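In: Here is the sequence, then the experimental structure:
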Amino acid sequence: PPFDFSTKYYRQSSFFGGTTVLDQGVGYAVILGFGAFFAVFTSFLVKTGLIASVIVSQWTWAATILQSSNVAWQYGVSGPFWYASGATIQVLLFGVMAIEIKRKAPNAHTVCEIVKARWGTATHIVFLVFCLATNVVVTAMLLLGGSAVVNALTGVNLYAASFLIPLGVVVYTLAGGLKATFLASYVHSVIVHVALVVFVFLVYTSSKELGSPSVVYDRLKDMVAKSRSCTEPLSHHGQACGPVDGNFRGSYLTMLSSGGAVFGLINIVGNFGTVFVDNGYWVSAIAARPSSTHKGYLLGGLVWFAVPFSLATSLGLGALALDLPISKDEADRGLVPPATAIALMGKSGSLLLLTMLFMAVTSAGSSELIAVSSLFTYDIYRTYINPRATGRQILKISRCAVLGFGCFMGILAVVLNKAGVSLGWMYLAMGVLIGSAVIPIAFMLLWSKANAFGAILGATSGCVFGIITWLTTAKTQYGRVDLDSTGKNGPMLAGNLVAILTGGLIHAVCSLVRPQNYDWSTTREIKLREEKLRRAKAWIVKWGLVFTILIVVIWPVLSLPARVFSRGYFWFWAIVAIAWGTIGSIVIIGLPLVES
Ligand SMILES: CC(C)CCC[C@@H](C)[C@H]1CC[C@H]2[C@@H]3CC=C4C[C@@H](OC(=O)CCC(=O)O)CC[C@]4(C)[C@H]3CC[C@]12C
Ligand SMILES: CC(C)CCC[C@@H](C)[C@H]1CC[C@H]2[C@@H]3CC=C4C[C@@H](OC(=O)CCC(=O)O)CC[C@]4(C)[C@H]3CC[C@]12C
Ligand SMILES: CC(C)CCC[C@@H](C)[C@H]1CC[C@H]2[C@@H]3CC=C4C[C@@H](OC(=O)CCC(=O)O)CC[C@]4(C)[C@H]3CC[C@]12C
Ligand SMILES: CC(C)CCC[C@@H](C)[C@H]1CC[C@H]2[C@@H]3CC=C4C[C@@H](OC(=O)CCC(=O)O)CC[C@]4(C)[C@H]3CC[C@]12C
Ligand SMILES: CCCCCCCCCCCCCCCC
Ligand SMILES: CCCCCCCCCCCCCC
């Protein structure tokens, strides 16, 4: 027993594996009786302070809670920062796109409806597949994290919980109409900003094991020790015993991390492909009013930064200090937060984490069910199958396109849990697959010299050129090609960078040769005023760029001279983390109540 505080663990090969905390009755009632319960609850109840809450609501997926801590268990303190740093980029790209949607195409319901107008019907069917693949990739990795936490904490069979989760979201979507309400989007941002405060104040303030920022420091300095022998009876391969490979001096408390720095690039490339190629973002930008409220997107983006930052800094750095025997596979599957929650407050932190996770799963898997349904009913039914009917049919074949997707996703989730895919491989592989269609979409709304064949070729060749590099680098640097060598940070960076850049270069070189000068006169008709929509854009591209350059660039640069953090500097980091996540938890729960 190397340490006196972790002696009941002596070393195991995994934290989980037997004697589940909860019983199957609790697990079979949460995956099936949460969407229905909230559907009845919302029907029981009949500004720039209510736009921030709705903005925060749809941006919280099941990966925000589970992967931010996965990249904090490795790399130390650079993980949560590099994960959360992609926050002002989204707000800038959402504002500057919601302005142009209102200015150049007011009567559209889907992104692929502005594609058939600008360009032809041959570049429509390519992006109609490149958009339907993103709704599959994102929906398939909140059924991978949801079905692993439930099986771990409770004991429900994972193949039987992968098929019952989508059916609890289909009921929630069908009930309450296939539309969003400002009342149901306010109760979702209240529950997730209460568990955040509870978990942050339990780790650095109150717990009888990890109680102060000066205990985490002394316990994270002892894990990375050069005199710690952990060959075969005192650790295993991927169990995080000693010095970190790639960190300055092997320390967890440093911002000089290379593995954590390349994940920032991967995260940036991956997050650009979900605000452009995902129709769920276009649906929620069409239904906004930038002219009336546009300062509510910055306040709804500066508060979301504290959710993956504070919670990860607590729940991922409190697992290293407690010496839990978490293996690498379990950490990948999304099992660090439930590992810390049982260790700190067992049988009661596990019910709080389940509620916080399934309040995000059910509220983010309903935004994809109404994004695939619209992309079907408005684009493959009333464009090509039957364009002469609009009465009572548009609704039937919109309600019937949710049930089909909720079953296809359920079957595909069963198929990918048998194989062995884990959020953590799908999260990193998103860019390699759908990054080639990002710039051909920005050029559609922002550039007046972009043609159709260039878009087709740039979208359809970048994917192949990215996958070839992604599968080649792993083969030439690791021997074989399987789920292990492919998920490394080497191949994935090459794949992401090739995919995003080649599809932009090919499209922007082939368009300066044969330009199509477009006045947007065809997208403006599909089915004062300009002064406000010109000052709003001026405000956004200034006050979003300032914060982007201030957070992504200046803040990490000034932390490099700190080298290994010293007691007193970690007290500053661990206090910024608590302050952001506390003063962000009042402006969401009390500001949209100063309506009075
Ligand atoms: C704005 C963010 C999202 C991206 C910023 C990009 C660059 C500023 C970063 C990204 C990857 C970084 C590199 C990641 C890894 C290394 C290896 C590292 O090599 C070593 O010193 C370790 C080698 C050894 O000692 O064996 C030197 C810095 C370098 C090139 C880093 C330099 C800074 C880079 C290029
Ligand atoms: C995990 C360890 C053991 C291996 C680490 C390997 C990486 C550090 C190397 C291997 C292959 C390299 C890549 C090979 C090819 C490219 C493509 C290149 O991108 C372009 O050429 C884009 C421009 C265009 O194609 O238009 C940028 C460098 C990059 C990502 C290289 C970056 C460094 C990589 C990822
Ligand atoms: C645009 C140009 C003109 C200025 C860019 C500013 C920064 C990007 C540079 C300027 C000084 C640099 C620092 C100069 C010295 C070091 C010490 C160096 O420490 C070591 O690794 C050596 C210590 C040891 O191994 O004993 C780490 C990088 C750092 C902080 C450098 C990080 C990058 C800094 C902040
Ligand atoms: C040559 C070796 C043996 C010694 C190297 C010492 C430097 C690495 C240290 C010593 C004093 C330090 C400086 C002490 C005070 C400042 C002022 C500070 O600037 C401000 O506060 C400007 C803002 C304002 O005053 O409004 C920025 C850091 C800096 C340059 C520090 C940078 C790092 C310095 C130069
Ligand atoms: C002692 C073992 C090797 C230590 C090498 C550490 C390299 C750290 C480089 C990563 C720093 C990138 C900062 C980027 C900020 C914009
Ligand atoms: C032991 C070797 C340490 C090397 C550290 C290199 C740090 C370079 C960071 C510079 C990034 C500047 C981005 C603008």
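Out: Received, thanks. Numbering: from 1, shown residues only. Ligands and ions are numbered 1, 2, ... in the order given.

In: going forward, measure contacts between C-alpha atoms and count neighbours the same way
Out: Will do.

In: what's the first-to-last distance across stretch 338-353?
Out: Using Cα to Cα, to the nearest Å, the end-to-end distance of stretch 338-353 comes to 7 Å.

In: Pull out the buried residues from that stretch.
Out: Within stretch 338-353, the residues scored as buried using 16 or more other Cα atoms under 10 Å are 338-344, 349-353.

In: With secondary structure and distance to ligand 1 added, can I get the residues you listed in a markdown table?
Out: Shown next, in a markdown table, are these (DSSP: H, G, I helix; E, B strand; the rest coil; distance: Cα to the nearest ligand atom, whole Å):
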| residue | secondary structure | distance to ligand 1 |
| --- | --- | --- |
| 338 | helix | 29 |
| 339 | helix | 29 |
| 340 | helix | 28 |
| 341 | helix | 30 |
| 342 | helix | 34 |
| 343 | helix | 33 |
| 344 | helix | 33 |
| 349 | helix | 34 |
| 350 | helix | 34 |
| 351 | helix | 35 |
| 352 | helix | 33 |
| 353 | helix | 30 |
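
In: which among these gets closest to residue 518?
Out: Nearest to residue 518, judged by Cα to Cα, of the buried residues of stretch 338-353 is residue 353 at 51.0 Å.

In: which residues does that closest one contact?
Out: Residues in contact with residue 353 (Cα atoms under 8 Å, 6 or more residues apart in numbering) are 195, 338, 341.

In: And for residue 300?
Out: Contacts of residue 300 by Cα under 8 Å, 6+ apart are 51-56.

In: what separates it from residue 546, distance-wise?
Out: Residue 300 is 16 Å from residue 546, by Cα to Cα.

In: so which of the contacts of residue 353 comes closest to residue 6?
Out: residue 341 (15.8 Å).

In: Give me the nearest residue to the closest one, chain neighbours excluded.
Out: Closest residue in space to residue 341, ignoring its immediate chain neighbours: residue 349 at 5.2 Å, by Cα to Cα, 6 or more residues apart in numbering.

In: was I right about the one you found contacting residue 342?
Out: Yes - if you go by Cα atoms under 8 Å, residue 349 and residue 342 touch, sitting 6.4 Å apart.

In: If you rank the contacts of residue 300 by neighbours, which is first?
Out: residue 53 (29 neighbours; other Cα atoms under 10 Å).

In: need the contact list for it.
Out: 185-186, 189, 300, 588.

In: Swap in 6 Å and give it another go.
Out: residue 588 (Cα atoms under 6 Å, 6 or more residues apart in numbering).

In: element containing the closest residue to residue 123 other than its chain neighbours?
Out: In space, and not counting its chain neighbours, residue 123 is closest to residue 456: 5.8 Å by Cα to Cα, 6+ apart. Assigned by DSSP states H and E, residue 456 falls within helix 452-478.

In: in that helix, what's buried?
Out: Buried-residue list, helix 452-478, by 16+ other Cα under 10 Å: 452-475.

In: Within reach of ligand 2, which of those residues are there?
Out: residue 473 (Cα under 6 Å from any ligand atom).

In: So which bits of the stretch 351-500 of the chain are right by ligand 2?
Out: 473, 488-491, 493-494, 497-498.

In: For residue 28, see how far away residue 160 is.
Out: Taking Cα to Cα, one finds residue 160 at 10 Å from residue 28.

In: which of the two has more neighbours?
Out: Neighbour count, other Cα under 10 Å: between residue 160 and residue 28, residue 28 has more, with 17 against 14.

In: how close does the more buried one get to residue 6?
Out: Distance of residue 28 to residue 6, computed by Cα to Cα: 33 Å.

In: and if you look at residue 72?
Out: Look at residue 72 and residue 6: by Cα to Cα, they are 20 Å apart.

In: for residue 207, same thing?
Out: Distance from residue 207 to residue 6, by Cα to Cα: 16 Å.

In: again with residue 437
Out: For residue 437, the distance to residue 6 - Cα to Cα - is 49 Å.

In: and the two? which has more neighbours close in?
Out: residue 437 (28 against 14).

In: Leaving out the residues flanking it, which one is nearest to that one?
Out: Closest to residue 437 by Cα to Cα, 6+ apart is residue 459, at 4.9 Å.

In: List the contacts of the one you found.
Out: 436-437, 503.

In: repeat that for 10 Å
Out: Going by Cα atoms under 10 Å, 6 or more residues apart in numbering, residue 459 touches 123, 126-127, 130, 434-441, 453, 499-500, 502-504, 506-507.

In: same check, this time on residue 126
Out: By Cα under 10 Å, 6+ apart, the contact set of residue 126 is 112, 437, 455-457, 459-460.

In: wait, which of those residues is closest to residue 392?
Out: residue 112 (22.9 Å).

In: Give me the distance between the closest one and residue 488.
Out: From residue 112 over to residue 488 (counting by Cα to Cα), the distance is 34 Å.

In: Comparing these two, which shows the higher neighbour count?
Out: residue 112 (22 against 14).

In: So the more buried one is in contact with residue 379, correct?
Out: Yes - between residue 112 and residue 379 a contact is recorded at 7.4 Å, counting by Cα atoms under 10 Å.

In: Near ligand 5, which residues of this structure? Just list them.
Out: Going by Cα under 6 Å from any ligand atom, the residues of the chain near ligand 5 are 246-249, 256-258, 261, 556-557.

In: and the residue of the stretch 101-250 of the chain nearest ligand 5?
Out: Using Cα to the nearest ligand atom, residue 248 is the residue of the stretch 101-250 of the chain that sits closest to ligand 5, at 4.0 Å.

In: any chance you could map the helices in the stretch 251-400 of the chain?
Out: 259-275, 279-286, 306-315, 317-321, 328-333, 337-344, 349-364, 366-376, 393-419 (DSSP state H, counting those that start in this stretch).

In: Any idea how far apart the tips of stretch 270-288 sit?
Out: With Cα to Cα applied, stretch 270-288 spans 25 Å between its terminal residues.

In: Enumerate every residue touching the single nearest residue of the stretch 351-500 of the chain relative to ligand 5.
Out: In the stretch 351-500 of the chain, the residue that lies nearest ligand 5 is residue 489 (14.0 Å; Cα to the nearest ligand atom). Taking Cα under 10 Å, 6+ apart, we find residue 489 in contact with 259-260, 262-263, 266, 428, 474.

In: which one of these is nearest ligand 1?
Out: residue 262 (5.0 Å).

In: ok, now which ones touch the closest one?
Out: 82, 268, 489-490, 492-493.

In: next one: residue 210
Out: So residue 210 contacts 202-204, 216, 219, 318, 321-322, 344 (Cα under 10 Å, 6+ apart).

In: Now residue 556: closest residue in space that isn't a chain neighbour?
Out: residue 255 (7.5 Å).

In: what about that neighbour, how many neighbours?
Out: Around residue 255 there are 27 residues (other Cα under 10 Å).

In: doesn't residue 561 make contact with it?
Out: Yes - judged on Cα under 10 Å, residue 255 makes contact with residue 561 at a distance of 9.2 Å.

In: near ligand 1, which residues of the chain?
Out: 258, 261-262, 264-265.

In: I figured residue 196 hits residue 313, correct?
Out: No - here residue 196 does not reach residue 313: they are 11.3 Å apart, not a contact under Cα under 10 Å.

In: Report the set of residues contacting both of the two.
Out: residue 578.

In: Please name the residues that touch residue 382.
Out: Counting by Cα under 10 Å, 6+ apart, residue 382 has contacts 376, 388-390, 393-394.

In: Confirm that residue 6 lies within a strand, as I assumed.
Out: No - with DSSP: H, G, I helix; E, B strand; the rest coil as the criterion, residue 6 is located in coil rather than a strand.

In: Could you tell me which residues make contact with residue 105?
Out: 113-114, 286, 445, 520-526.

In: Thanks a lot, catch you later.
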